Structure formats: structure tokens, C-alpha cells
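So you can see what is in the structure, the chains are spelled out below.
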Amino acid sequence: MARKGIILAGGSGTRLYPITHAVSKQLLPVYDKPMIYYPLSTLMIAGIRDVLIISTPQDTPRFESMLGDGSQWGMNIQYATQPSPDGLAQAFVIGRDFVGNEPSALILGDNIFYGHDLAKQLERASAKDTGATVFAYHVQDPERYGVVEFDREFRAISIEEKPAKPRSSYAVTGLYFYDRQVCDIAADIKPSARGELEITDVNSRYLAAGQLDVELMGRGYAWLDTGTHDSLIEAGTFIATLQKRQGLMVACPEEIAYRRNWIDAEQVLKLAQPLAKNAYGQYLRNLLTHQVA
Amino acid sequence: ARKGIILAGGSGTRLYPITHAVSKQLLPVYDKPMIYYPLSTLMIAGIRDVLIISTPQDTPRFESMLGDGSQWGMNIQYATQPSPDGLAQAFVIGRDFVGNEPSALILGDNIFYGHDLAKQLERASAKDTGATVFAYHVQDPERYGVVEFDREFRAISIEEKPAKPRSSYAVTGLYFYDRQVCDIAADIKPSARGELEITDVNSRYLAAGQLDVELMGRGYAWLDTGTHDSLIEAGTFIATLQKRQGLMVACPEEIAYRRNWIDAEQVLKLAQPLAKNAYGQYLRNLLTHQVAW
Amino acid sequence: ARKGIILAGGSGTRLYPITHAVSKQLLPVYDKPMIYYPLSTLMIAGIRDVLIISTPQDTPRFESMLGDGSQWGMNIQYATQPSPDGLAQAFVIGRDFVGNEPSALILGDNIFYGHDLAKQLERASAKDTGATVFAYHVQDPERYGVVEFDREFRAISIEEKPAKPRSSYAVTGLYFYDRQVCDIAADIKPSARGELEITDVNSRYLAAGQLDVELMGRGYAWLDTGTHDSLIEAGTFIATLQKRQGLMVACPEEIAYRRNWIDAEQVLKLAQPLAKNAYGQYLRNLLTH
Amino acid sequence: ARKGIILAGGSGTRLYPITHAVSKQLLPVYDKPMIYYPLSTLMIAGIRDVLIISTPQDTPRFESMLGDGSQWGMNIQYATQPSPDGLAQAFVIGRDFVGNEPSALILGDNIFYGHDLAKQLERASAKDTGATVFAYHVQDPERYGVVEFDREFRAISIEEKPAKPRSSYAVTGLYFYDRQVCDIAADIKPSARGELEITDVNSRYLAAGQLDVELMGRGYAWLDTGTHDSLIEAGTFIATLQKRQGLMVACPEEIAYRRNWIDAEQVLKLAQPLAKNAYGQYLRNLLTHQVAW
Ligand SMILES: Cc1cn([C@H]2C[C@H](O)[C@@H](COP(=O)(O)OP(=O)(O)O[C@H]3O[C@@H](C)[C@H](O)[C@@H](O)[C@H]3O)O2)c(=O)[nH]c1=O
Ligand SMILES: Cc1cn([C@H]2C[C@H](O)[C@@H](COP(=O)(O)OP(=O)(O)O[C@H]3O[C@@H](C)[C@H](O)[C@@H](O)[C@H]3O)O2)c(=O)[nH]c1=O
Ligand SMILES: Cc1cn([C@H]2C[C@H](O)[C@@H](COP(=O)(O)OP(=O)(O)O[C@H]3O[C@@H](C)[C@H](O)[C@@H](O)[C@H]3O)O2)c(=O)[nH]c1=O
Ligand SMILES: Cc1cn([C@H]2C[C@H](O)[C@@H](COP(=O)(O)OP(=O)(O)O[C@H]3O[C@@H](C)[C@H](O)[C@@H](O)[C@H]3O)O2)c(=O)[nH]c1=O
Ligand SMILES: O=c1ccn([C@H]2C[C@H](O)[C@@H](COP(=O)(O)O)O2)c(=O)[nH]1
Ligand SMILES: O=c1ccn([C@H]2C[C@H](O)[C@@H](COP(=O)(O)O)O2)c(=O)[nH]1
Ligand SMILES: O=c1ccn([C@H]2C[C@H](O)[C@@H](COP(=O)(O)O)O2)c(=O)[nH]1
Ligand SMILES: O=c1ccn([C@H]2C[C@H](O)[C@@H](COP(=O)(O)O)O2)c(=O)[nH]1
């Protein structure tokens, strides 16, 4: 099974003006790499090799100049455009031909996922052939998101988009795994009062059918988005603290692709050669000697 | 029941002058004293009997902060180390406290954080013979006890601050031992740097084929606080998670409550003197807010 | 011969539990205890006689940290405040220490930093009569004494914690007084919030036409540490400056040395027990840099 | 009528990959693009005519970010530098722009902050003959032009990146020049490193007795952003001030408004499309604010 991945990295509004005035939010740094490296690496760790990047028409060339066609990482990366940010579920209209008759995953281009055993959880979700998987995460401001209502046993009862009175602090994260039904469901839902095709309508539909796994993503994980200037810089210092302590890089696509044998040592060296003087290139070269289990 | 020791003794003048009057483990890591973090790690391991070892002058300062632990359904006792003459002294000083039980040692300035930590601590705690240490990939392994690995799994050596570290895996400040450790610690002699070495304890188990090295993956944060910079970074790391989640790292009242070591009545009694501040409100919210555990 | 007071007493439980065992003003701001900063501010103002007021339980810890100040060519004395009953109580407790000299009060948790701070402190210390306070634009002025200005920006009134602040300018925690202040502090009565208010002291000088309210511009950092967030933010702020410059903010040995209160031999005696750490190396570099 | 040049050209690949995507000087420093900071420094010195020099690839990106400056009552023009062949090249590329007027050069990645900065820039800006540079005590002076001082602490020479620095005082990335500078730059010859050195430009003024070297005290922040660490630290530095004060560092609308380059009506036209975000709110409060003398 070849699950097809979608990174939605389109228009993010003007909350961060003026740092997003010229530059797309998802090309801005989180410490030492562009933001979009993080959700890209999350898909790679889930085993996904076919990725569609959806951005605004104005910014697609900027993303393409950054990531290419993915062949440098043994991946296939393609591009499509979203003229206005008219809903997350619109990804499954724009990306319908890319998805084909395959399972898929959607991730937001500004969402950072980090924590121990993340790969096992993403691999279990990626491997299921029917139904859907989303993740629930305790946050300070749940009213910003789709919010999960849980019974005493943490069985999911409902999902509401931006409720006035959140039923819990558990938000639906910006990562979704779907079987082959999702594109047709996306054709059946209707734009909401805020004028958007709602991923929450997709998700509540799977929940009503008894086909939604709502997985708790515990407090040991970091699920960060970067909605304010404070939380953007906080995500950067968070990554820096881990990397400097460990001598390991978070979300290095060459590392992940090499460890999964999507690229070999020769290809790692070819990527490192123009970067030999800087820290990223030296990190790539050090992959060929290093031992990590 | 496994008995825990927090070694919170003298740290020298490395951090002068912030440690001139006050012990390091009473200093803040963001919003709570440092020692709350290793204490909470022992509690997460299921350990309820804890010995605090500090300098004689600082014992009252720690006792005023933690008491006898009965407020958290624990038993906390105190012993002294006049001079920081080696980690293995925890099992000489703590010999009567350990008695004939299994034990664990944790450093008072070590912060462990990450998803599923409890499962790993419980697995180590469940061993009935041998010892368990945790290996963590760091930038500068020569600062620590270093694990050497063969091509496969096994750890084949541990070396204290080697000139040529045989790997990047540092032995963390958390150790689990069977009933042999107190006699082993009485049998070894101080090293060339004049200290009773936990590495020499661990090498005794290794030579007997009784040392398990549990890998602590890059998804975990293992932070210590050896410099002014790393001390303040540990604070900003905690702050990023807590501001994101609305959850507290290392709240002993929370952990004891969720484990049913204390009930809702006791939580309320602890919240009563703090009613106005954020910590008291956090304690109150434990009884009303739904949090998965 | 102005005499200084550092008010480093009970700060309540807002920062609980980091202040449960240890007093706020002994906690680190990056690489040194908080109280080093306001102490160094007094030193930069030229003040060599300092009274530290803390709770009864914490004076030994402050005394262990600073001693009698003779190591820096200063005189540091200690007094206690049983309950935190108002900033103006500093001049009741410290009345005998002040004597009939001019004085200055600074809060033990206030950090002042910026270019030409010394010149501004020297002008205030040089006033013969009256008082000087500093006004600083802040995000949350309602937490403080707030300055009301007339149309031409003269200070005309001050109110403690106003419901609707009349400006964004707070009175900082640094105050200069002539010989009137101790008798003024004995005359005021506790306010509705039950405290002897420094705003009442300052209002009396202002009502008499004897208060200079000096604007402290946005180029200065005036930091207190009222939240866990602002405590750590002050630390990263100091760290960025020090790591960039290779210079230390608020090193008392440095300040006493550059002011010739101690000589090169005294610096070396202070550095010798600190030889292994970075602070001792900084002291040694004072003689070479 | 002094004319300003912001040198914001090729920065190399030390910051790869965050500069693969975006030009360095468009990267965020907390809540605004890096280039806002040096732009505002020129504005505080009273300079209204600014030349931005960048790479050919990056000039369009700066243009979309800043326009022609008429929105701030300024005149902003653009020129290109195909190769980063030396700071002194700004006065070759920008020779026509300067004409026969005095000028100033600032680095596009340099942040200046501190009390009375305006008074010092105004003094430098008014000097009819000669040039003015700034000396600043730094940890690592060998990275820069280093000032040599005599016993009387008067400047004797400037060495570019000496192996053995004669002081800790570096020349900051801000320079004021008379009408000699454009001819002097065409006169100089490339150094052992194929670059036209501003240090050589400055030496000519010094040898002629026409260089003022002003000490910039430890109360000022002079920051550059040469590493991932120093880039993010510059952001946290700004954030601490702004959150404490409720004032923004380097808001060009604010500086231009207070200098009467634009009027209240113009500020409102700028705020209107930004009404929902924090920056627009800040512009609106300028018309109601009490912040003056
Ligand atoms: C709506 C939308 C957003 N985006 C981008 C902008 C942001 O970087 C990112 C999210 O934008 P928002 O306005 O916050 O989307 P949003 O308001 O729909 O937030 C979503 O957040 C998820 C985490 C929850 O699971 C959802 O239930 C929902 O709450 O996606 C697009 O590119 N296209 C779009 O159509
Ligand atoms: C030596 C010692 C330290 N300490 C405190 C001081 C610090 O807070 C903390 C660590 O002190 P150090 O000098 O760094 O110890 P250390 O130099 O012995 O380091 C140890 O570090 C562990 C992480 C490794 O697993 C060990 O193998 C070893 O490297 O423990 C005591 O309380 N008592 C002592 O006897
Ligand atoms: C009241 C009081 C405080 N303190 C300490 C506690 C804090 O560290 C510090 C300030 O305490 P607070 O309760 O915040 O004080 P406060 O509530 O009086 O705040 C003061 O702040 C100044 C900056 C203003 O200029 C004053 O006008 C006033 O607003 O002083 C004492 O040591 N003793 C006391 O009696
Ligand atoms: C050389 C050069 C740099 N730049 C950019 C790249 C950086 O963002 C910035 C500085 O470039 P560097 O390689 O560091 O140049 P540099 O090595 O000349 O550093 C300079 O630093 C100044 C602060 C000192 O006053 C000078 O004396 C000098 O030391 O300017 C250009 O745009 N064009 C150029 O030709
Ligand atoms: O009340 C609690 C529960 C957990 N943890 C810490 C222990 C581990 O570091 C991590 C557990 O994360 P999960 O296993 O819930 O994802 O959080 C706390 O500090 N307090
Ligand atoms: O090359 C890699 C491997 C893992 N991770 C991330 C994915 C998860 O967030 C975490 C995995 O940690 P462990 O499960 O190995 O502890 O690190 C990377 O960024 N790059
Ligand atoms: O030894 C010293 C000298 C100065 N400063 C502080 C006081 C002011 O905040 C600032 C003075 O800056 P300048 O006036 O020297 O630029 O530095 C110190 O902390 N220690
Ligand atoms: O609108 C303004 C005014 C000043 N400053 C900066 C320039 C100096 O770095 C400092 C001036 O502080 P004072 O000179 O007002 O103290 O603030 C700005 O960024 N924007």
C-alpha cells in the first residue's frame, strides 16, 4: 500500500504580519531549518514517499525551489495550488487526482510533531486499511480548534469546530490519516458558515460511522503550531535545546531517507559536497560513520 | 517496594555565585524548584520511599521544601553528604535506608522528560537481579560515563570521562539496582580523581554479565544543569511545553493524586493555603479537569 | 554621603513554589543572584553604605551572600521586616541607619540597565533638596504607582494601582530622597490596602513642588520579575548582552575596582578562592583587560 | 540630505538551509523582518533616501517587502550586487545614488539598540568633513575590524580580522562618510581576500586625521546574526523589551510618524488593512498614545 501524503501549506492570513508579508509562513525558520521540513519529516517517518505540497499560486515556486521533486531524498514530491484558504478539506478536492484510489494523510505545513515512539504511532495509523485516524492533544486554548468530547473512558463522543464552550481541552491535531473514502466525503460536505470546507465535518462523519480512531497523543509529545510571534520563537528555542544537547538534528530529511534506505551513502555524500564547510553538510557526512539505535 | 535516593549534594563553585548561599537543587527550573523534577521521576517509577541526601547545611532547606512526604502519600527521609566525594557514596550514606531492598538512585539536578517514560521506568523497576542504566546520545559524551557498543545491541564497556569516548551514549543520572549495590559500593575504592564512582559500581555488574543498558531515544529530553546556559535553557524548555499544553511538568501533587496516593480531599487541603496563585488553581483544576493518564 | 536601602523582604506567594524555601532576591537571574543587580545600581550611583532589609529568616542568607561589604570597600548592614507592610516602612525600619543623611531606596528584585544610567543616577544623587523618582513606559501600568502628566508633560499627580491608568508611565523601584523622608514616612498612615505607601511619600514631595519625575526612556530596561515568565526573560536578556560583549552586568567587584574602592591586590584575593570558575577568571581579567 | 545604503546582499551558506528559502535579511527577528531594524536605524539618524543593495535574485523580494518607501514618507531605491566582493563595493554600486552628497552605510543584518542612540547618530550625521565609525566591546573581536587604542585611548589603526587582536573593540556595521568616500572606494584595491575592504576605506580617513571613532558603551546592544543561535537570541532579546514596555522596537511607521514624514491620516490608511492583527492595533494606538517628552 502506497499511502499518499499531502502537506497543506497555503495562505495563513495576516496574524503574523509583517514577517509573513513577503515570505510564506512555512518557509520561515524554526531554529535552523525552514518550518516545512518538520511536517515533511513527520510524513517521511510515517513511511510516506509520495507527497503533494499545496500552497498559494504565488508561493508554489518558492516551495518548489526549496524541495524540488524529492528525488534527492528518494521521494516523489509534487505541487498544486490553493487560490484562497477555503478549508482544510479542500485539500481532497485539489489533491483528488494525486490521491487516486489510495489511502492518504493530510498534515498542516506549520505543525511540528515531536516525541518518543512517534514513528510507531504513525506507522500503526498508516498501516490500517479501513477507517481514519486523528490525534487528540491537551492544549491551553482548545477553543481555537476542533475539540474532542470524551466520555469517562476517553472514548470520543463528538468533534466540534471552535466551540464557544469546549467540552474538553483535547484538540484535534493537524495530522490526519484516511482510507479511500475521504475524497468522496469531501465532495459530499458543504462549506460552513465561515465559508470553509471543514475537516471536522469529514472527521465527525467517520466518527458517526464507528470508523474513527481518536488516538490520545500524551503530554510527553510536543505538538506545536506557530500561531503567534511568541509561540513561533518558542518552538525554535525548543528545537535548539534538544539539538544542542543531543548532537542530533530534528527533522533532517536526508537523515530519515538514508536510515530508511531511500538513498545510499554515495547520494548522502553528493548532497553533502556543496555544504562541506557548514554545519548541515558536516551533519550529513557524519551520518556515514555514526551509530544510533 | 523499591527505595529511591535523590543525590542532591554539593555542586562546587562551578555555578558561582548563584550557588554560593543556596544549593543548586533548590534553584528554579522555570516555575518550580529543580528537585521537583527528579522527585517526580521517582514517583512516576512508582517509588514512594525516598531518601534526600544533601550537604548538612542544606538539609533543613530541603526539609522545609519537601517535609516527610506524607502530604503526597510518600515517605521522604534525609541524610547528609558533607563533601561531594562520589555518586557511589549514595549507597554508603544510604545503606541503612536501602536495607535489604531494591533501590534506585537519581541525581537531584537531572531532568527526564518524554512520552512513555513510565513504561520504561516500570520495566527497569521490575527486574529482580542485576542493574539497569540508561544510555542517551549527547553532543559531548566525554563529560560523562560513556557506553561502548559492539556492532549489535550489547554494551561491552562503561568508561568514566574517557579521552576517546567509544560512543556518543552517555550514562544518565538514573540507576536501578538489585540488593547487591550496597555491598559493591562498600567494596570499591575511590578513583584517581578521588571519588567513589558509580561507573565502578556499574562495571562490577557489567563484568558479572548483570548490567542492562536501556536506550533512551532522541524523543526524550535528558537535561542537566551544569552551566548557567544549560540551567536557563532547561527553564525555557519546560516553559514552552507548559504554555502550550496548559499542563504542568513534575507537579508532585498531580502525580500522587492520579496514582491514588492522595485523594481529592487532600488535594483541596493542599490547595487551600495557595488559593490565590496559579499553583493552587492548578491543584484545584485536578479535581474538575479531564486529563488522560 | 548618601545612604542606600535595598528592600528585599517578603514577596508573597505569587511565585510559589520557587520562593517557598528560598527568598526571591536570592534566586538566579542568569549567572548571579537577583540582588546583585539592584546592589550594583546603588554602587553605580556612588552609594557605599547600604542597609539590606529582609524577613527575619532570610537575613543570614543575605549576610552569607554579601557579608559586611568590606570585601568591596563598602559597608553593608542588615535589618529585618517582620511583615511586608509597605515600601515606606523601609524608612521607619532604616531610620537610625539613615540618620540625617540623604538616602535612596531600591527594590531588591528590580533590574535597571542602559546607556548613561550612571550619569542619570549621579544627577539624582546630587540634588540638595527634594526627591527624584523615575517614570518608565510599561505594558501594565495599573500594577504600579502611575504618573499623571499635564499637557506639557510635567508630572502633576501619582496614584497607586489606578483602576483606569492616566498614562502608561510607572514609577520605577528606585527613589532618591533628601533628609525629610524619614519624618515623612513616620507621618503617613496605612492605606486602604493596609500598607505604608511609597506613593504617599512621593505625592507629598510632588505636592510641595519638590519632586523631580525623570523619564526613563525606552532605551533602558527596567525589569522586575513578577511572573515566572518575566523572571526567565530577564535572565535570557542579561545572558544575550554578556555573551555578546564579554562583559558582565552587575559585577560588584568590577564596579568597586573601577571606582578605586578596592585595589588590584584586593581583586586578586577575591579571585583566588574562585580561581576554578568563570567568575574568578573575570575578576582576574579586570587587571589585564 | 544624507543618503543611506543598506547592504543586504549575499550572506553565503553558513545558515543553510534557512537561507536557501528566504534571503537572510527577510528572516524574522521576533515580530518583524530583520531588515526593519537597520532600516529604522537610518530613519532615527534622519535619513529618508535609502538604497537597498542585494543579490539580483533577492532584489525583487526586498521590493515587495518595502516598496518605494513612500508609505513612510521615504524614498527607497534598489541596486544589485552579483557577488559579495566587499563592503566598500556599496560605494561603487551606489555611486550614482550617493551623487555628491554625504552618505551612511549600514549592514542589513545589524541590530543597534539603546538609550540616546538618536543623539549619537545625529552628531555623526552632522559632521561636515570626514567620517565617523563606532567601536564596541565584543567577546570575539577577531571576526571584525578591530580598533587599536593608545594609552590615552585614542584610535591608532584598524586591522581587519587580525590573528592577534589589539583590543576587544570591533568596528560596528554602521558608517558615516562625507563626499570623499565614493572616490576613495574606487581608489582602493582588493585585499588578500578578493574583497574591497571597508577597513581600508576607514584607514584612509584615519591616516588623513578625518576619522572619528566613537565608543559605543556596554549599555547599547549591537547584535548581528551570523549563526542560528545569535539569530534566535536577537529575537528573544527584542521580545523581552517589547513585552515589558508595550512599545515596539523598529516600527518604521512609528518613527516616520513621530518625525512628521507621514501624518495621522496616513497612519490610519496603513492600519486599516491590518485592523485585525497586533501590528495594526499598534499603529492605531500611535494616534492616541502618550509617549512623548
Ligand atoms: C483553512 C486553511 C488553512 N491553511 C493553512 C493556514 C495555516 O498554516 C494552517 C491552519 O490554518 P487555520 O486557519 O488555523 O485552520 P483551521 O481554522 O481550520 O484550524 C484547524 O486546525 C486543526 C489543527 C484542527 O484539527 C481543525 O479541526 C481546525 O481547527 O493551514 C491553508 O493552507 N488552507 C486552508 O484552506
Ligand atoms: C560527585 C557528586 C556530585 N553530586 C551532585 C553535583 C551535581 O548536582 C550532580 C552531578 O555532579 P558531577 O560532578 O557532574 O558528577 P560526575 O562527574 O560523577 O558525573 C556523573 O554523571 C552521571 C550523569 C554519569 O552517569 C556518571 O557516569 C558520571 O559521569 O551530583 C553530589 O551531590 N554528590 C557527589 O558526590
Ligand atoms: C510591600 C513590600 C514589598 N516588599 C518587596 C516585595 C517585592 O520584591 C517588592 C515590591 O513588592 P510589591 O508588593 O510589588 O510592591 P507594591 O505593591 O507597593 O508596588 C510598588 O512597586 C513600585 C515599583 C512602585 O514604584 C510603587 O509605586 C508600588 O507600585 O518589594 C518588601 O520587601 N516589603 C514590603 O513591605
Ligand atoms: C562582503 C559582503 C557582505 N555582505 C553582507 C553579508 C553579511 O550579511 C554582512 C557582513 O558581511 P561579512 O562577511 O561579515 O563582512 P566582513 O568580513 O567585511 O565584516 C565586516 O563587519 C563589519 C561589522 C566591520 O565593521 C568590518 O570591519 C568588517 O569586519 O554584509 C554583502 O551584502 N556584500 C558583501 O560584499
Ligand atoms: O502528571 C504527570 C504525568 C506525566 N508527567 C511526565 C512524565 C513523563 O516525562 C511524561 C509522560 O508523558 P506521556 O507518557 O503521558 O505522553 O510526562 C508529569 O510530569 N506529570
Ligand atoms: O532521523 C530522525 C529520527 C527521528 N526523528 C524524530 C521523530 C520523533 O519525534 C523522534 C523519535 O524519537 P525516538 O522514538 O527514537 O525516541 O525524533 C527525527 O526528527 N529524525
Ligand atoms: O562595571 C560596570 C559598568 C556598567 N554597568 C552597567 C550599568 C549600566 O546599566 C550600563 C552602563 O552602560 P554605559 O553607560 O557604560 O554605556 O552598564 C555594570 O553593570 N557594570
Ligand atoms: O519609535 C522608536 C523610538 C526609538 N526606538 C529605539 C531607538 C533606540 O535604540 C532607542 C531609543 O531609546 P531612548 O533614546 O528614547 O531612551 O529605541 C525605536 O526603535 N523606535
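Calculation criteria
Residues numbered from 1 in each chain as written, not as in the entry; some residues may be left out. Chains lettered and ligands numbered in written order. Heavy atoms only, no water. Residues with missing side-chain atoms left out of burial classes, pairs and counts. UniProt positions renumbered as here; feature names shortened; annotations may be inferred. Helix = DSSP H or I, 4+ residues; strand = E, 2+ residues; numbered from the N terminus. Rg over C-alpha atoms; globule rule 2.2 N^0.38 Å. Contact = heavy atoms within 4.5 Å. Nonpolar A, V, L, I, M, F, W, Y, C, P; charged D, E, K, R; others polar. Near = heavy atom within 4 Å. Polar contact = N/O pair within 3.5 Å; in protein donor to acceptor, adjacent residues only side chain to side chain. Areas by Shrake-Rupley, 256 points an atom, 1.4 Å probe, with all protein chains shown as cover. Axes fitted to C-alpha atoms, helices over the stretch in contact; angles between N-to-C directions. Parallel < 35°, antiparallel > 145°, perpendicular 65-115°, else oblique. Left-handed = near helix turned anticlockwise from the far one by under 90°.

Structure determination for this entry, per the PDB record, employed X-ray crystallography and reached 2.2500 Å resolution.

According to the UniProt record, the Sequence similarities (unreviewed entry) comment for chain C is "Belongs to the glucose-1-phosphate thymidylyltransferase family." As recorded by UniProt, the Catalytic activity (unreviewed entry) comment attached to chain C reads in full: "dTTP + alpha-D-glucose 1-phosphate + H(+) = dTDP-alpha-D-glucose + diphosphate".

Per UniProt, the comment on chain A under Subunit (unreviewed entry) is "Homotetramer." As stated in UniProt under Cofactor (unreviewed entry), the record for chain A gives "Mg(2+)".

**Student:** How should the overall build of chain C be read in this particular structure?
**Tutor:** On a plain count of helices and strands, chain C comes out with eleven helices and 13 strands. What you see for chain C is a C-alpha radius of gyration of 19 Å, in line with the 19 Å of a compact globule of 289 residues. Along the longest, intermediate and shortest principal axes, the C-alpha atoms of chain C span 55 × 40 × 40 Å.

**Student:** I keep staring at the interface of chain B and chain A and nothing clicks. Help me out?
**Tutor:** It is common to report an interface's size as the accessible area lost on association of the parts. Opposite the 37 residues of chain B that make contact, chain A presents 42 residues. Looking at the side of chain B that touches chain A, the elements with two or more residues in it are β8 (131–137), β13 (221–223), α8 (228–245) and α9 (252–258) of chain B. Here the side of chain B that touches chain A takes eight residues from α8 of chain B, the largest share from any one element. Among the residues making up the side of chain B that touches chain A, the classes are represented as 17 nonpolar, eleven polar and nine charged.

**Student:** Explain the site of ligand 6 to me, please; I cannot follow it from the model alone.
**Tutor:** Near ligand 6 you find 13 residues, and of these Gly115, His116, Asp117 and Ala251 of chain A together with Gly219 of chain B are the closest. In this structure, ligand 6 is bordered by residues of chains A and B. Within the contact set of ligand 6, an oxygen atom lies 2.9 Å away from a backbone nitrogen or oxygen of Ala251 of chain A. One nitrogen or oxygen atom from the main chain of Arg218 of chain B is found 3.4 Å from an oxygen atom belonging to ligand 6. Protein contact buries 84% of the 470 Å² of open area that ligand 6 shows by itself.

**Student:** Explain the packing of helix α11 (residues 264–271) of chain D against helix α12 (residues 278–286) of chain D to me, please; I cannot follow it from the model alone.
**Tutor:** If you want to describe how two helices pack, look at the angle between their axes and the distance between the axes. Residue and element names in this part refer to chain D. At a minimum axis distance of 9 Å, the contact between α11 and α12 shows a crossing angle of 165°. As summarised for this structure, α11 and α12 are arranged roughly antiparallel, according to the angle between their axes. The way α11 lies across α12 gives a crossing that is left-handed. In contact with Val267, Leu268, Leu270 and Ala271 of α11, α12 contributes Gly280, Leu283, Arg284 and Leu286. Along the lines of polarity and charge, the residues of the contact of α11 with α12 split into six nonpolar, one polar and one charged.

**Student:** Where do I start with the environment of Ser103 of chain B in this structure?
**Tutor:** All names here are of chain B. With respect to the helices and strands, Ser103 occurs in strand β6 (residues 103–107). For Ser103 and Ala131, which are 28 residues apart along the polypeptide, the C-alpha to C-alpha distance reads 9.7 Å. Excluding residues within four positions of it along the chain, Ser103 makes contact with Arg2, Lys3, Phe91, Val98, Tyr175, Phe176, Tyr177 and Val181.

**Student:** Help me understand the side chain of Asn277 of chain C in this model?
**Tutor:** Residue placement: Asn277 of chain C occurs in the loop between α10 (264–271) and α11 (278–286). Within polar-contact distance, the side chain of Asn277 of chain C engages the backbone oxygen of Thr13 of chain B at 3.3 Å. If we skip the residues at most four places from it in the chain, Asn277 of chain C touches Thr13, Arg14 and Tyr16 of chain B.

**Student:** Where do I start with the site of ligand 7 in this structure?
**Tutor:** What surrounds ligand 7 is a group of 13 residues, the closest being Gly114, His115, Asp116 and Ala250 of chain C together with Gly219 of chain D. Around ligand 7, the neighbouring residues derive from chains C and D rather than from a single chain. At 2.8 Å, a side-chain N or O of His115 of chain C approaches an oxygen atom of ligand 7. Here an oxygen atom of ligand 7 sits 3.4 Å away from a polar atom, N or O, in the side chain of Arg218 of chain D. Coverage of ligand 7 by the protein amounts to 82% of the 460 Å² it exposes when considered alone. Class assignment of the residues belonging to the shell around ligand 7 gives a composition of six nonpolar, four polar and three charged.

**Student:** I keep staring at the UniProt feature "binding site: dUMP" (unreviewed entry) in chain A and nothing clicks. Help me out?
**Tutor:** This chain's UniProt record puts "binding site: dUMP" (unreviewed entry) on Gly115, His116, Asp117, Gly220 and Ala251 of chain A. Considering the arrangement of structural elements, one finds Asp117 of chain A in the loop between β7 (112–114) and α5 (118–127). Leave out the neighbours within four places in its chain, and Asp117 of chain A touches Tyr221 of chain A together with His115 and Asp116 of chain B. By the secondary structure assignment, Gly220 of chain A is in the loop between β12 (212–216) and β13 (222–224). Beyond its immediate chain neighbours, meaning those up to four positions away, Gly220 of chain A contacts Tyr113, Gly114 and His115 of chain B.

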